[PDB]
Amino acid sequence: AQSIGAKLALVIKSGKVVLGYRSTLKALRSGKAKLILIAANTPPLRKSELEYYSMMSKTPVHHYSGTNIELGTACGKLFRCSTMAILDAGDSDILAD
Amino acid sequence: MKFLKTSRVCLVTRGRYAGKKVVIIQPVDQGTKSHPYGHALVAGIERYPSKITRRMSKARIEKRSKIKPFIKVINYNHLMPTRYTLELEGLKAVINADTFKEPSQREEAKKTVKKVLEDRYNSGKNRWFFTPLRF
Amino acid sequence: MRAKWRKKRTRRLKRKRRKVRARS
Amino acid sequence: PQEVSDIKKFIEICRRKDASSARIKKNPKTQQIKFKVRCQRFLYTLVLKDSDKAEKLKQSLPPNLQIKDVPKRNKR
Amino acid sequence: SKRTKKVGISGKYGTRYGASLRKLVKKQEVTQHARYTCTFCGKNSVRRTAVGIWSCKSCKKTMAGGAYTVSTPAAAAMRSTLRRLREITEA
Amino acid sequence: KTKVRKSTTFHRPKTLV
Amino acid sequence: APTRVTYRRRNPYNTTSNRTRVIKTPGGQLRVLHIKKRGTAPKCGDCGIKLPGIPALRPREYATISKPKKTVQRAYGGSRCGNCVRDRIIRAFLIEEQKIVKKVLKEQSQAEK
Amino acid sequence: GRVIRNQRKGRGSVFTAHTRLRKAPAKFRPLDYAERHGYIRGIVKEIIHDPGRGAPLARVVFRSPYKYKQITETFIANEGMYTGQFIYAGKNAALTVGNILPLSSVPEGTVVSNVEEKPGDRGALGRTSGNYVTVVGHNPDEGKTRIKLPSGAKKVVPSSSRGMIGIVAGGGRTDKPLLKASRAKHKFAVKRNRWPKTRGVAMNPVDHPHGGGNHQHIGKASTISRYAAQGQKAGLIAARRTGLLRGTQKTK
RNA sequence: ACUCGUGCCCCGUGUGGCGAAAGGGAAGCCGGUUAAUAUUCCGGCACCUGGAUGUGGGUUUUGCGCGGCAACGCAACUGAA
Ligand SMILES: [K+]
Ligand SMILES: [K+]
Ligand SMILES: [K+]
Ligand SMILES: [K+]
Ligand SMILES: [K+]
Ligand SMILES: [K+]
Ligand SMILES: [K+]
Ligand SMILES: [K+]
Ligand SMILES: [K+]
Ligand SMILES: [K+]
Ligand SMILES: [K+]
Ligand SMILES: [Mg+2]
Ligand SMILES: [Mg+2]
Ligand SMILES: [Mg+2]
Ligand SMILES: [Mg+2]
Ligand SMILES: [Mg+2]
Ligand SMILES: [Mg+2]
Ligand SMILES: [Mg+2]
Ligand SMILES: [Mg+2]
Ligand SMILES: [Mg+2]
Ligand SMILES: [Zn+2]
Ligand SMILES: [Zn+2]
């Protein structure tokens with residue numbers, strides 16, 4: 001919650017992430033994703049599609065409390081983002097909880 | 001992990017067969033020279049069996065319970081995977097990416113798919129596979 | 001297609017059936 | 001009016017019941033020979049460049065058909 | 001390059017109708033001709049269609065709102081009061 | 001004892017002509 | 001060459017049915033030709049965009065052209081665009097699945113007593 | 001003299017209402033079994049504008065409980081509704097903006113619009129842009145509810161009357177000046193033939209009671225009794241008082 | 001269907017007309033011709049609607065077509081309430 005902004009910035013610095021909807025689905029198909037984030041105002045049909053893929057590949061999903069505008073800013077970018085995947089956690093412990 | 005295995009049941013999303021349900025015969029996670037992307041080789045149902053009632057006669061029962069199959073190679077982006085599986089020993093190496101180069105080979109493959117799918121349906125298993133989707 | 005269009009086709013079938021009977 | 005591509009189809013057209021007449025038009029300035037046959041719905045035209053097949057085609061037509069030669073400056 | 005000192009958008013009215021009336025209409029014209037950020041898709045494409053109808057150019061959604069603003073303070077206050085009334089009593 | 005009626009609308013019966 | 005023209009029918013007014021265009025004839029004259037109105041493309045029944053692969057005609061003209069020219073080979077061939085057909089299939093599957101899990105959870109976890 | 005202007009309007013020849021561009025009237029559904037014992041839902045399909053009115057309207061599609069078809073209704077739009085939204089109607093509906101439920105199922109202080117005077121007449125009260133009614137109190141033993149109206153008056157209504165949660169969309173329309181004669185003309189050109197308007201004091205005695213004279217003036221008191229004859233009622237009818245309102249208004 | 005009209009069987013919430021030679025709307029173009037008509041006559045070359053119908057081609061040996069990842073294509077390629 002409060003510390004997600006802190007943990008997310010660390011994964012950006014050390015680990016590797018993938019941004020967007022088309023790439024997130026490709027990551028889930030390969031089976032190498034460990035954690036996905038879904039923004040608050042994503043369309044409900046898309047939101048249910050992402051969650052069903054996660055159930056198939058057994059990866060946890062965390063529901064971000066902000067819009068697509070501030071999910072992008074939390075990643076240090078200058079553009080909106082509605083969903084993302086994490087391929088590896090670096091010096092961060094975001095996978096622990 | 002991996003769910004696009006060789007027994008997964010999926011739904012086609014685009015094309016002439018949009019809305020039908022298929023079983024994966026062989027996954028290809030790396031693109032070949034043709035189709036340079038993730039794709040799969042599947043067999044499916046084009047015309048589902050018709051409805052059946054306890055009051056019908058044997059001759060009318062057998063005439064209504066018949067299936068029309070098809071074979072296809074599809075991009076992964078045009079599939080929707082489900083949580084069901086259909087493991088049949090009759091469909092092991094029916095299609096191997098070269099049957100799609102000879103029309104005579106396509107007919108033989110579809111002839112075999114019809115024979116195997118028909119017996120399983122009569123047995124009374126995997127009813128979700130043989131029931132059409134309403135959308 | 002419109003109903004008058006479909007009525008013509010079934011009318012032809014009925015005539016053909018009675019004529020093929022008359023032939024037989 | 002419709003165009004015919006080959007010779008075999010044009011011969012088959014002329015062997016039809018509703019074939020009324022045929023005519024031959026030659027344009028010497030551009031060295032062309034045109035064969036036209038008048039049918040119920042359409043007029044069919046066949047265009048030839050050489051002149052060694054025109055007489056060969058002419059004798060291959062059915063004998064009951066009427067063939068003219070389209071004189072220059074046709075009278076009203 | 002400022003090209004106008006104070007009249008602003010109400011410079012189309014020339015020297016007519018009185019100074020006080022031009023100020024009052026200026027307050028409502030500015031807010032009804034502006035763009036607003038969509039609540040459903042996030043882009044900055046929402047304009048007024050009719051006197052109480054606001055539509056998004058990107059995701060094609062239309063919403064019922066105020067006469068010259070997307071939301072009114074009375075409606076905003078009521079939504080919170082309704083939310084509190086239902087929630088803190090039934091939940 | 002009376003007949004069943006599946007509609008709430010009454011229609012004039014059919015008679016010989 | 002700069003010759004003026006006249007209407008060829010009794011209507012002298014410029015209405016939405018008095019459409020004409022200029023031609024030149026094999027007799028070397030400037031005339032007028034009376035033309036119909038342009039066809040309109042059919043639209044998708046969900047989002048309202050122009051369907052690809054279907055001609056734009058006046059409504060009576062669709063009664064003569066063949067069937068394969070008036071449709072595309074897919075479920076909801078006409079009247080839906082294909083993006084909408086994709087949404088219908090996915091939405092129908094996901095909602096139907098949640099229906100089963102909600103039923104099983106409600107029956108088992110709450111009617112065990 | 002001759003018949004005066006406000007007498008001619010009851011005949012209805014050039015004083016009727018223009019109705020070519022209006023598609024339907026705004027009403028609830030007819031009260032039925034589903035809304036008396038449970039709920040049903042429908043989908044908002046479009047938000048439209050109909051001329052002569054503020055307060056945009058909403059097109060909602062429901063499903064028939066007894067026949068295989070669907071029915072399209074026309075409601076008045078509350079602020080915050082959008083296309084693609086589910087709304088619910090009945091006794092067991094939830095306390096969310098855009099729902100329709102009987103007043104017996106709402107707590108005191110809630111705000112509703114398009115309130116039925118009696119259960120089944122499909123809506124009479126508070127249906128204009130930026131307006132609403134307020135629930136004040138209940139009376140369960142006899143089944144009555146007290147409400148407050150936009151004019152400031154109090155009323156008592158049976159508890160089975162229906163209303164829609166929220167405020168009527170349309171906001172503060174009357175805040176900006178019309179500022180031009182043409183703007184007022186466009187407003188009434190789609191309602192009725194009532195614009196412009198000549199002053200009675202500028203006509204001739206044959207035309208209006210305020211008549212003629214060598215100066216423009218009325219000549220007698222402008223307050224007219226309640227029980228007067230048609231042709232005499234021109235001015236302030238049955239006026240309790242007159243003049244600039246200084247203090248607060250005691251009546252509520 | 002009638003032996004032959006007579007007899008059977010379904011559905012039902014709703015049920016008239018007049019009103020536009022500028023609104024909506026199936027289908028024709030060029031050349032010639034008379035003292036005086038013509039997109040109407042003559043010559044050539046087309047199109048629409050309605051009604052009957054036979055050849056060629058298409059589909060089906062396990063019954064109602066194939067191709068393209070796809071947008072879709074091809075002379076056809078069952079479909080009542
Ligand atoms: K086409
Ligand atoms: K009088
Ligand atoms: K009323
Ligand atoms: K007037
Ligand atoms: K006046
Ligand atoms: K004066
Ligand atoms: K005066
Ligand atoms: K007309
Ligand atoms: K004559
Ligand atoms: K044949
Ligand atoms: K074929
Ligand atoms: Mg009207
Ligand atoms: Mg005077
Ligand atoms: Mg008098
Ligand atoms: Mg008096
Ligand atoms: Mg006077
Ligand atoms: Mg008439
Ligand atoms: Mg006309
Ligand atoms: Mg015909
Ligand atoms: Mg059909
Ligand atoms: Zn938007
Ligand atoms: Zn669409």
Side-chain angles (χ1 to χ4, degrees), chain B residues 12-18 28 31-32 34-42 46-47 62-64 66-70 72-79 100 103 106-107 110-111 114-115 118, chain C residues 1 3-12 14-16 19, chain D residues 1-2 12 16-17 36 38 40-43 45 74-76, chain F residues 6-12 14 16-17, chain G residues 7-18 23-29 31-34 36-37 51-54 58-64 66-69 71-74 77 81-83 85-86, chain H residues 66-69:
Chain B
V12 191
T13 284
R14 293 188 181 271
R16 181 150 72 85
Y17 299 105
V28 187
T32 61
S34 52
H35 318 111
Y37 35 72
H39 59 266
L41 275 45
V42 299
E46 197 186 353
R47 176 157 74 238
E62 84 102 38
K63 199 204 175 191
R64 299 200 102 206
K66 292 192 178 305
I67 305 104
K68 198 197 183 192
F70 75 97
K72 182 79 177 183
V73 320
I74 5 86
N75 188 328
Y76 276 166
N77 275 311
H78 305 150
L79 281 183
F100 295 94
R106 294 199 192 190
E107 294 162 355
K110 278 179 292 187
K111 188 181 309 304
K114 175 170 182 169
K115 176 57 166 47
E118 191 158 301
Chain C
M1 303 296 283
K4 188 172 182 179
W5 186 85
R6 297 178 291 179
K7 269 253 181 176
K8 184 181 184 306
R9 305 172 66 93
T10 165
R11 187 165 61 245
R12 176 187 184 180
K14 186 173 181 177
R15 291 192 200 265
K16 195 66 176 181
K19 292 263 290 302
Chain D
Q2 293 183 341
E12 210 63 30
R16 265 163 53 175
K17 276 188 53 187
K36 313 180 184 182
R38 176 72 242 182
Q40 171 61 33
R41 185 177 172 180
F42 290 119
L43 182 74
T45 301
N74 61 331
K75 265 63 180 180
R76 194 83 238 182
Chain F
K6 285 164 162 46
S7 182
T8 71
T9 291
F10 190 92
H11 292 303
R12 188 165 83 194
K14 305 287 183 56
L16 174 60
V17 175
Chain G
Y7 284 117
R8 296 174 71 178
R9 297 172 184 185
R10 290 284 184 182
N11 190 346
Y13 300 111
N14 184 30
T15 63
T16 62
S17 162
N18 224 15
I23 65 169
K24 187 125 73 173
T25 53
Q29 292 140 359
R31 277 220 272 274
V32 137
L33 217 66
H34 287 261
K36 295 304 166 60
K37 287 187 289 193
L51 303 173
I54 297 170
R58 303 307 301 189
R60 189 91 184 259
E61 289 170 326
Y62 288 96
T64 45
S66 184
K67 187 175 188 56
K69 302 188 180 64
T71 186
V72 336
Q73 296 290 311
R74 186 172 60 253
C81 59
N83 281 7
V85 182
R86 163 171 154 92
Chain H
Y66 319 97
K67 203 179 186 300
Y68 172 68
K69 68 163 180 174

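Only this structure's heavy atoms are used, side chains among them; waters, hydrogens and symmetry mates stay out. Here is how names work: the chains are called A, B, and so on, in the same order as the sequence lines, proteins then strands, and each is numbered from 1.
Residue contacts shown for G:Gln73 include a base, since a base heavy atom lies under 4.0 Å away. Counting any heavy atom pair closer than 4.0 Å across all strands shown, C:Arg9 reaches no nucleic acid atom. At the heavy-atom level, G:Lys36 lies under 4.0 Å from the strands shown only through sugar-phosphate atoms. The residue G:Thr64 sits close only to the backbone: its heavy atoms come under 4.0 Å of sugar-phosphate atoms, none of a base. Within 4.0 Å of B:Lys72, counting heavy atoms only, lies at least one base atom of the nucleic acid. D:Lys75 comes within 4.0 angstrom of nothing in the nucleic acid, heavy atoms only. Heavy atoms of G:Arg9 sit under 4.0 angstrom from at least one base atom.
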Q | Residue pair B:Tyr17, B:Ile74: steps toward the side-chain contact (heavy atoms from CB on, under 4.5 Å) verdict | A | CA-CA 11 Å; B:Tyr17 299 105; B:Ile74 5 86; over 6 Å; no
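With a 4.5 Å cut-off on side-chain heavy atoms, B:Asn77 and B:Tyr37 do not count as touching.
In this structure, G:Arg74 reaches the I:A71 phosphate: one of its side-chain N or O atoms is under 4.0 Å from OP1 or OP2. Remark: D:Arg76 is not in phosphate contact with I:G31, judged by side-chain N or O atoms under 4.0 Å from OP1 or OP2. Dashed line: the shortest gap from a side-chain N or O of C:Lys16 to OP1 or OP2 of I:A52 is not under 4.0 Å. C:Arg6 has a side-chain polar atom (N or O) that falls below the 4.0 Å cut-off from OP1 or OP2 of I:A80.
Picking from I:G23, I:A71, I:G68 the nucleotide with the shortest atom distance to the side chain of B:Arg106 gives I:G68. Distances were taken from every side-chain heavy atom of D:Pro1 (C-beta onward) to each of I:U49, I:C69, I:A46; the shortest belongs to I:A46. The side chain of G:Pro68 lies closest to I:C77 when the candidates are I:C77, I:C30, I:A70. Among the nucleotides I:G65, I:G14, I:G67, the one closest to the side chain of F:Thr9 is I:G14. Among I:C45, I:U62, I:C69, the nucleotide with an atom closest to any side-chain atom of B:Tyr37 is I:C69. Set against I:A22, I:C66, I:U53, the side chain of G:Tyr13 has I:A22 as its closest nucleotide. Of the candidates I:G31, I:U39, I:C45, the closest approach to any side-chain atom of G:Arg31 belongs to I:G31. Residue F:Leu16 has its side chain nearest to I:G7 when only I:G7, I:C66, I:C30 are considered. Looking at the side chain of C:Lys8, the nearest of the listed nucleotides I:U49, I:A52, I:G14 is I:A52.
A Watson-Crick or G-U wobble pair links I:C66 with I:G73, each of its two atom distances being under 3.5 Å.
When all heavy atoms of G:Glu61 and G:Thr64 are compared, the pair lying nearest together is O-OG1, 3.1 Å. A pairwise comparison of heavy atoms in D:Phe42 and D:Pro1 identifies CD2-N, 4.2 Å as the closest pair.
Within the 3.5 Å criterion, the main-chain N or O of G:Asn11 finds a donor-acceptor partner in the side chain of G:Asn18. In this structure a side-chain-to-backbone donor-acceptor pair under 3.5 Å is missing from G:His34 to G:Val32.
A stacking contact links F:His11 to I:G12: the aromatic ring centre lies within less than 5.5 Å of the base's six-membered ring centre, and the planes differ by less than 30°.
Applying the Watson-Crick and G-U wobble criteria (two distances, each under 3.5 Å), I:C45 pairs with I:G28.
For G:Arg60 against I:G25, a side-chain-to-base donor-acceptor contact under 3.5 Å is absent.
With a 5.5 Å centre cut-off and a 30° plane cut-off, the bases of I:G73 and I:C74 come out stacked. Judged by ring centres closer than 5.5 Å and planes tilted by less than 30°, the bases of I:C69 and I:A70 are stacked on each other.
For G:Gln29 and I:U39, the CD to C1' distance is 14 Å, given to the nearest whole Å. Regarding G:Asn18, its CG atom lies at a distance of 15 Å from the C1' atom of I:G24, rounded to whole Å.
Note on B:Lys72 versus B:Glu46: no salt bridge recorded, every NZ/NE/NH1/NH2 to OD/OE distance being 4.0 Å or above.
Each of G:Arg58 and G:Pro26 was matched to the nucleotide of RNA chain I holding its nearest heavy atom; the match closer to the 5' end belongs to G:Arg58.
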